[PDB]
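Have a look at the structure below, then the notes.
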Amino acid sequence: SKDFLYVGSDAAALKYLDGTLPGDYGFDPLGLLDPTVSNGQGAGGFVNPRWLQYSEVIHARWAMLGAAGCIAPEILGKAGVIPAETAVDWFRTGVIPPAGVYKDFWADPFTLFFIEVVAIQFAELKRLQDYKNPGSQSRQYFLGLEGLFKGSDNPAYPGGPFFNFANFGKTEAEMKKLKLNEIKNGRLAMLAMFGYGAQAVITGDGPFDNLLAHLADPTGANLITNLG
Amino acid sequence: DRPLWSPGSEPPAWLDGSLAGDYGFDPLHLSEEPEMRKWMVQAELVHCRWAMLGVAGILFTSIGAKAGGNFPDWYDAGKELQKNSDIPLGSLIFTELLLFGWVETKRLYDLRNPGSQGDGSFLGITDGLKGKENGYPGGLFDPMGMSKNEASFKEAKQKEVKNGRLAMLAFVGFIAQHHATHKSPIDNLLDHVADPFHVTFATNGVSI
Amino acid sequence: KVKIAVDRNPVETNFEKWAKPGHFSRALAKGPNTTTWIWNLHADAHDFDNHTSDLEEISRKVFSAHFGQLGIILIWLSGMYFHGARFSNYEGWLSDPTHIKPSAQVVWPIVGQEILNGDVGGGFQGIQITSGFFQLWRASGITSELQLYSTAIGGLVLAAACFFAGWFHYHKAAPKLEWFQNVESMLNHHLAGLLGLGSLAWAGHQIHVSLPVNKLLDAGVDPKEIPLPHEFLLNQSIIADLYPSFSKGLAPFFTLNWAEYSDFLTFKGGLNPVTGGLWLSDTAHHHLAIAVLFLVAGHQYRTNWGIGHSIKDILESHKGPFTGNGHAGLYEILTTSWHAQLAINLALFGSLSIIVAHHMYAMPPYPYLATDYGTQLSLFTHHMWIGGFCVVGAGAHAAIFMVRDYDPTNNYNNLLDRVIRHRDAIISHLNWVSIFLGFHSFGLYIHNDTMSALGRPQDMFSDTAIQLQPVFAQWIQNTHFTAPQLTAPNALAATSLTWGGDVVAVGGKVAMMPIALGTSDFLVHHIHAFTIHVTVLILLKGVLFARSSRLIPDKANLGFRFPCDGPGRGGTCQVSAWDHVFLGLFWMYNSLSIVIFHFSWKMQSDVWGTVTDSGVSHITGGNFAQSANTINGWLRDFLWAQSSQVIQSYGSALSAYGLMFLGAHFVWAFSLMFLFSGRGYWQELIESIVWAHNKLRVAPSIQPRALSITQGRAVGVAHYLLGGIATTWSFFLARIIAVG
Amino acid sequence: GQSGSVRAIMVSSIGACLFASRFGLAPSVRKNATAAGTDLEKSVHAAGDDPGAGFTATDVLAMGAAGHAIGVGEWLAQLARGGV
Amino acid sequence: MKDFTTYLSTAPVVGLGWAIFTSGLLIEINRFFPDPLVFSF
Ligand code: CLA
Ligand code: CLA
Ligand code: CLA
Ligand code: CLA
Ligand code: CLA
Ligand code: CLA
Ligand SMILES: CCCCCCCCCCCCCCCC(=O)OC[C@H](COP(=O)(O)OC[C@@H](O)CO)OC(=O)CCCCCCCCCCCCCCC
Ligand SMILES: CCCCCCCCCCCCO[C@H]1O[C@H](CO)[C@@H](O[C@H]2O[C@H](CO)[C@@H](O)[C@H](O)[C@H]2O)[C@H](O)[C@H]1O
Ligand SMILES: CC1=C(C/C=C(\C)CCC[C@H](C)CCC[C@H](C)CCCC(C)C)C(=O)c2ccccc2C1=O
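Chains as they are written, first to last, in the authors' numbering: chain 3, 58 to 285; chain 2, 63 to 270; chain A, 12 to 751; chain K, 20 to 103; chain J, 1 to 41.
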């Protein structure tokens with residue numbers, strides 16, 4: 058209505074969205090946040106506002122962890138804190154056996170994968186029921202840790218005593234400001250992860266190594282000259 | 063009001079929690095009808111009892127074989143125990159089938175006609191040979207009077223179901239680790255504690 | 012305006028409706044009083060228009076049925092890949108494609124049946140297949156059976172996903188009519204996304220994985236020492252060794268120096284001399300061009316961004332002086348009726364299948380396919396039959412639309428109204444053309460028969476006596492042959508060896524030899540034109556007279572599938588549009604049988620055979636030009652001279668073809684019982700049998716009636732087509748497998 | 020690397036196509052031609068910061084794609100003739 | 001569950017229960033006992 062929105066806005070997008078959501082910028086030309094989609098009742102499909110905003114915040118947080126971790130052992134590897142043996146790239150540490158695989162681990166990569174499957178299956182499955190039944194993981198006995206899974210009105214922001222042990226949303230303005238900060242940084246991290254994956258295929262090196270090569274030669278080490 | 067198999071889900075209508083070992087896990091809607099439920103509960107109880115006896119026997123002979131006795135492993139046990147035996151096969155098969163026909167036929171007719179075999183027909187036994195519950199007989203199969211107390215009988219029934227399910231889940235695991243390693247279950251257990259990081263289900267060639 | 016209108020949870024998911032078998036129609040819900048209820052339940056199971064008049068409900072039902080069909084096709088495709096992975100000899104055939112015969116089916120030894128497990132060579136025994144799956148698996152690099160196993164598992168996963176998608180879109184998230192009516196969006200995504208991205212992805216696969224077949228497999232390298240397909244994708248040196256342009260690395264593509272990719276994007280007009288098929292680099296360059304063409308084609312219509320076109324505007328802007336209005340309500344016709352779209356789609360689909368049949372034998376695209384006469388003849392014949400069945404179906408659905416979804420309010424003076432206005436002139440002219448072609452195309456055969464019988468061989472239509480030469484086709488053949496010298500300078504040679512002069516042969520057997528045309532080719536071509544005109548006459552008459560004829564003026568209200576209109580006016584049996592389709596099916600069978608007969612005999616007598624040092628010897632004695640001019644020549648030198656393999660097939664490996672031959676004959680002979688008799692006779696005979704059962708009190712609770720008038724015609728035409736097609740199938744397979 | 024032969028009119032094709040898509044005289048989202056002789060005025064959908072000319076992002080994409088098609092085509096074809 | 005078991009009593013009970021039973025019985029008889037042209041009397 059008043060704020061200078063992003064390039065590529067739409068009349069109908071401004072008709073169904075304007076300054077209400079945290080990442081509200083009027084950028085939805087494809088029309089996926091339209092309330093006319095899935096006009097019935099019940100479970101339904103996936104393209105709907107309730108699930109799409111939930112998917113955007115979950116993607117933002119996972120991409121922030123990924124972008125911070127895909128360059129951390131390489132940045133510390135170029136520094137003198139981490140040992141050079143464990144300072145490998147993010148695509149040769151077991152994610153893809155063909156690119157490469159780290160050797161000295163405390164277990165086999167498949168064993169670590171099974172442990173990860175059980176652990177993250179518990180986490181993501183408990184995360185799904187709360188979305189299906191709001192605030193239902195605080196009723197069944199789960200090792201006495203039911204006091205930390207109380208949930209909230211929004212599935213994207215559960216809060217509680219664990220996820221929000223350090224209280225920061227004392228005021229709605231500061232809570233909304235911090236929410237906008239999380240949304241913007243998560244979108245930047247998603248683009249950084251996309252850049253990390255695309256740069257890893259053309260250059261075949263780590264993400265921080267591409268920046269060091271681009272800084273030493275701006276024209277000799279750029280995208281246009283990389284596909285040569 | 064009771065812990066369910068999926069925290070946050072809702073149990074079915076025909077599973078209130080009054081059954082022995084009820085948790086609300088029934089996605090394929092089996093045992094929805096009263097007669098089908100009456101048959102399925104007895105099928106689970108008989109499977110739990112046979113699984114507990116079989117797993118206990120396998121672990122006993124396997125532990126005895128690891129200790130030093132002349133016991134064969136759980137797999138291929140019938141092959142090397144029949145070559146040096148005077149009891150002929152076929153005759154042993156039909157002897158087992160003949161005795162089991164009598165026992166299982168009396169147990170089946172006890173299910174279709176509840177409290178019917180205890181009528182002085184089989185050698186004059188009236189007090190016993192009549193079940194107390196669905197798949198819980200009494201009179202003769204209860205030497206110790208532990209069923210004459212509902213407060214402890216309910217808890218003991220819960221213990222029986224929860225132990226039988228773990229035993230049959232363990233029996234399925236006996237076949238898998240045997241077919242994956244060609245060793246005894248007690249040999250696989252002792253080998254896992256000797257190296258919990260290197261040896262596991264992912265470092266045995268098979269199942270990858 | 013183009014959005015995603017979905018209606019979540021419209022139909023529950025239970026088995027309550029599975030209990031009552033007749034529930035889609037309001038007439039079958041009463042239950043089965045007479046045995047005709049069972050046949051009505053099966054014949055009305057897919058007529059969604061009879062279920063309701065809700066276009067949104069009808070559209071949702073057809074959208075879920077499409078997913079069910081895709082799941083069925085994916086399961087069948089996965090089954091073929093799994094059979095080739097486990098019960099075949101693909102690895103043995105890969106090292107000797109010119110001596111081991113394909114096989115991908117093993118039979119279990121129950122009652123006899125060991126004889127069917129024929130010795131196909133390579134230390135394996137099974138049913139010899141003629142599907143060409145081995146040649147297809149050769150064309151896109153596939154060395155071991157692990158890749159076929161992985162393809163079968165991946166296809167089964169995709170089949171389960173398609174079935175889940177069908178259930179989801181009909182019970183959990185059903186779309187709306189406003190979503191289904193976006194024809195501009197559907198055309199944009201089908202042209203740009205589906206076809207264009209499919210060609211681009213297949214071009215990428217041929218550019219990277221089809222590398223062993225084009226450079227290592229044909230060079231004599233053992234399939235085990237060939238590097239895996241991912242090594243060529245990751246390691247650039249291993250691909251640069253084969254093709255030097257790969258050393259450039261996407262630089263000539265983006266710097267517009269495409270001339271550097273001239274080694275793996277060749278334009279060679281011909282066949283590979285080591286395999287017999289087209290060049291893989293040529294097929295790759297072909298797919299790359301097609302992808303660009305379709306990607307630029309998918310940006311024609313306007314959807315949500317202003318730029319583009321409007322199909323309604325393009326149709327309404329085409330008005331001429333000979334057609335009155337023209338294309339007035341064609342958009343309303345094609346966007347509100349499914350039968351109209353189904354008729355157009357089925358017509359183009361069947362014609363496309365026929366095009367595929369011609370181009371596959373003409374320009375063989377798979378390695379070691381031209382030297383496999385069994386798979387060659389099998390693939391041509393199969394694609395021809397599928398195409399003919401689809402065109403008859405198009406003629407059926409056009410009449411269905413004209414009977415049900417034709418409103419005479421939105422069509423006042425358009426092309427449809429003008430066409431229905433001069434239907435008498437159209438049918439009379441097609442009738443005359445049909446009769447003229449029949450006389451001039453069959454009287455020549457009967458004339459040659461009489462001239463040969465009377466002892467006057469110099470008075471017959473043959474090459475030696477009075478001839479008729481197809482000069483137009485001879486000139487087109489010459490034009491295509493000398494065309495790469497003047498009108499195609501970048502092409503290395505002619506697009507096919509059908510009109511050339513250089514015979515290619517792999518493994519001693521001929522691959523693609525030049526084809527000559529004489530008087531017999533002129534006679535058989537006119538035979539084909541005549542049968543095509545009769546089939547189009549029956550179908551077009553049915554469509555144009557399905558609404559209301561001058562004999563029966565109220566034929567529209569009578570329905571589409573009705574027996575007759577009583578014994579009045581001398582008799583009005585089979586006057587319905589459905590009956591015309593039944594008559595048409597018969598003529599399509601009569602046309603395609605002559606088409607496949609002409610193909611088999613012409614190939615066996617003029618192209619296929621074996622080459623030696625002292626010339627090339629064909630399969631037959633090269634008697635196509637001296638024995639096709641007479642009808643007795645066909646019955647004597649084709650059906651009687653051939654089929655001797657099918658006849659003497661007992662006790663051999665192909666013993667099932669003699670059984671299939673005799674069995675097919677019985678089914679065809681069984682069709683005549685349903686096709687000549689009526690219904691009153693069978694109803695009275697069934698009455699006598701009912702008395703016999705009532706005497707013993709075994710009277711069925713559901714009173715046993717005879718089949719319907721249209722059911723008897725349907726049963727008869729189904730049995731007739733099954734018997735004739737299976738007869739030709741057993742004969743073709745046994746002959747070409749035992750000879751070629 | 021080198022921008023002096025193919026770069027010279029690739030730049031020319033894209034630029035002329037931008038002139039068409041902006042200074043009017045070309046099918047766009049701000050101006051639609053019904054009979055290819057005249058161009059009707061259609062209200063735009065999105066907002067462009069372009070200075071009262073009502074230029075849109077889709078106009079940039081459409082005209083740039085067409086200009087690229089015409090430009091790429093000209094460059095490959097021109098080499099075949101003998102020029103450049 | 002009642003609707004599924006009543007659905008299983010229309011066409012499968014006669015075309016896949018009896019057909020599979022009879023076909024399997026005749027096939028297993030001809031498999032364990034080879035080809036029978038007389039009563040072996
Ligand atoms: C997140 C920000 C970001 C930053 C700071 C950098 C920084 C750098 N990149 Mg990188 N890149 C990024 C994102 C980023 N990139 C993304 C998202 C992609 C995927 C398309 C790439 C793909 C890429 C490649 C393949 C290469 C680089 C290279 C480089 C280095 C040289 C600069 C150059 O060559 O031009 C940069 C080239 C680009 C493609 C950057 C443009 C990305 C912009 C910000 C967005 C593009 C739009 C995107 C395609 C679609 C998203 C929007 C959509 C809604 C329309 C440099 C240090 C080169 C290198 O490694 O140097 C040795 C190299 O060849 N980048
Ligand atoms: C389309 C089938 C067909 C055709 C084209 C021919 C053609 C021919 N037959 Mg024949 N024949 C046929 C079927 C056919 N036959 C059949 C089925 C039988 C078995 C019953 C025979 C048995 C037979 C015998 C026994 C003999 C022939 C003979 C002949 C030849 C001379 C016969 C004759 O009288 O000249 C033609 C006479 C005509 C009046 C032709 C009229 C031409 C019409 C008018 C077309 C020209 C005008 C046209 C409408 C253009 C329109 C103009 C516009 C302004 C309107 C001739 C080339 C004789 C022969 O010796 O062969 C060399 C002979 O002895 N035939
Ligand atoms: C080869 C073609 C053919 C065949 C097989 C038959 C067969 C039969 N006709 Mg018929 N008929 C024919 C042509 C044929 N007709 C023609 C062209 C006409 C002139 C229009 C007639 C006119 C006619 C009349 C007027 C009558 C018959 C009658 C009969 C039945 C006689 C009873 C009998 O003989 O025991 C059985 C003989 C058989 C050959 C049985 C065939 C079935 C076998 C066992 C195969 C079973 C299928 C197998 C199990 C696989 C099934 C699965 C499959 C669906 C996928 C019989 C089924 C009379 C009748 O109704 O009898 C009461 C009768 O009234 N026919
Ligand atoms: C570029 C996007 C795209 C693609 C690739 C397709 C592809 C397809 N469409 Mg579709 N369509 C699209 C956009 C697209 N469509 C849009 C935007 C609309 C709305 C106007 C429609 C409306 C539409 C209708 C009404 C129908 C189709 C149908 C079909 C199928 C035709 C089957 C066939 O002929 O052989 C080709 C077969 C294959 C290539 C096998 C591939 C199978 C995979 C699983 C397909 C996955 C593609 C899918 C579109 C991905 C997005 C969905 C995602 C949420 C999973 C085909 C797979 C027909 C259909 O439903 O068939 C089921 C049909 O009735 N489409
Ligand atoms: C349409 C299909 C297709 C595909 C899939 C490929 C693919 C490829 N081609 Mg290619 N090619 C094609 C068609 C295709 N081609 C055609 C039609 C031609 C002309 C005939 C060529 C001619 C050609 C040449 C001359 C060459 C290639 C080459 C290559 C390889 C590298 C190219 C590259 O680095 O680009 C860029 C790659 C990217 C930008 C990466 C994509 C971004 C990734 C996937 C994003 C994922 C990140 C995600 C957000 C996070 C990761 C997840 C993680 C956390 C788990 C590559 C495997 C080169 C080669 O031979 O390789 C050895 C090369 O020399 N091609
Ligand atoms: C061998 C059997 C046979 C024959 C000969 C015919 C013949 C004919 N059918 Mg037919 N049909 C048949 C079986 C047959 N059918 C069967 C089994 C079915 C069921 C599916 C049908 C269903 C069917 C339909 C639905 C239609 C036809 C039609 C036609 C006519 C099309 C005329 C034409 O274009 O070609 C040319 C005609 C001929 C070649 C007839 C042979 C004449 C020869 C050359 C003799 C020459 C004359 C001779 C010299 C003079 C004799 C002298 C004597 C008097 C002393 C044609 C006369 C169509 C029609 O009515 O025409 C528009 C029509 O729509 N048929
Ligand atoms: C090779 C194919 C068969 C060859 C012989 C075909 C002739 C038999 C049917 C003719 C019926 C005549 C009634 C016309 C009905 C009619 O007059 O329609 C009207 C049409 C002009 O209509 P309008 O201009 O008013 O139409 C404009 C709007 O309706 C646009 O939708 O005139 C023509 O069709 C000219 C073509 C005459 C016939 C050309 C044959 C078309 C076949 C394919 C092209 C062949 C070219 C030569 C290749 C060898
Ligand atoms: C859904 C997407 C794909 C998922 C993959 C699906 C399953 C893939 C594995 C199933 C194949 C079964 O594999 C089984 O048969 C193969 C048939 O040669 C054999 O595989 C063996 O021969 C192969 C032929 O080159 C070799 O590459 C293997 O190293 C060797 O193990 C083995 O006996 C066994 O590995
Ligand atoms: C024979 C005939 C009938 C009578 C058709 C009947 C009685 C249909 C017969 C259907 C049978 C009963 C289906 C099942 C077939 C066999 C029983 C399958 C054999 C399976 C065994 C293994 C048990 C018609 O009603 C009719 C109507 C119009 C034109 C022609 C005809 C016509 O020719």
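Virtual Cβ for every residue (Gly too), placed ideally from N, Cα, C.
Check                                                                                                                          : Outcome
Residues near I128 (chain 3) in its chain [Cβ-Cβ closer than 7 Å; skip 5 each side]                                            : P264 and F265
Span separating the alpha-carbon of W510 (chain A) from that of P525 (chain A)                                                 : 5 Å
Environment of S23 (chain J) [buried if 16+ CB atoms lie within 10 Å]                                                          : exposed
Endpoints, alpha helix (DSSP H) assigned at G263 (chain 3)                                                                     : Note, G263 (chain 3): premise wrong, no alpha helix (DSSP H); not H, not E.
Heavy atom of ligand 8 within 6 Å of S89 (chain A) beta-carbon                                                                 : no
Beta-carbon spacing of residue 761 (chain A), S256 (chain A) below 7 Å                                                         : The first residue shown for chain A is 12 and the last is 751, placing residue 761 (chain A) beyond what the model contains.
Interface partners of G70 (chain 2) on chain 3, CB under 9 Å                                                                   : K183, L185, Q186, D187, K189, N190, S193, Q194, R196 and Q197
Status (buried if at least 16 other CB within 10 Å, exposed otherwise) for residue 271 (chain 2)                               : Because chain 2 in this structure spans residues 63 to 270, residue 271 (chain 2) falls outside the shown range and cannot be described.
Given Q478 (chain A) as reference, the closest of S196 (chain A), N459 (chain A) and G620 (chain A) once Cα atoms are compared : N459 (chain A)
Continuous beta strand (DSSP E) stretch holding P186 (chain A): start and end                                                  : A184 to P186
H730 (chain A) and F681 (chain A) closer than 7 Å at C-beta                                                                    : yes
Residue-level contact to chain J via CB, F26 (chain A), 7 Å cutoff                                                             : yes
Any non-hydrogen atom of ligand 1 within 6 Å of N336 (chain A) CB                                                              : no
Test item: CB-CB of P89 (chain 2) and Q197 (chain 3) under 7 Å                                                                 : no
Residue(s) in a DSSP beta bridge with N30 (chain J)                                                                            : BP columns for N30 (chain J) are empty, so no partner.
Residue ranges of each alpha helix (DSSP H) within the stretch 160-233 of chain A, 4 or longer                                 : 188-191, 194-199 and 208-219
Under 7 Å by beta carbon: chain J residues contacting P32 (chain A)                                                            : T10
Contacting residues, own chain, Cβ-Cβ under 6 Å from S40 (chain K) (five flanking each side not counted)                       : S47, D78 and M82
Cβ-based neighbour list, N20 (chain A), same chain, cut-off 7 Å, excluding 5 preceding and 5 following                         : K183
Run of the beta strand (DSSP E) containing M462 (chain A), from where it starts to where it stops                              : From DSSP, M462 (chain A) is part of no beta strand (DSSP E) but of the alpha helix (DSSP H) over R434 to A464.
Proximity below 7 Å, CB of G134 (chain 3) to CB of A124 (chain 3)                                                              : no
Complete runs of the beta strand (DSSP E) confined to the stretch 510-551 of chain A [at least 3 residues]                     : 515-517 and 520-523
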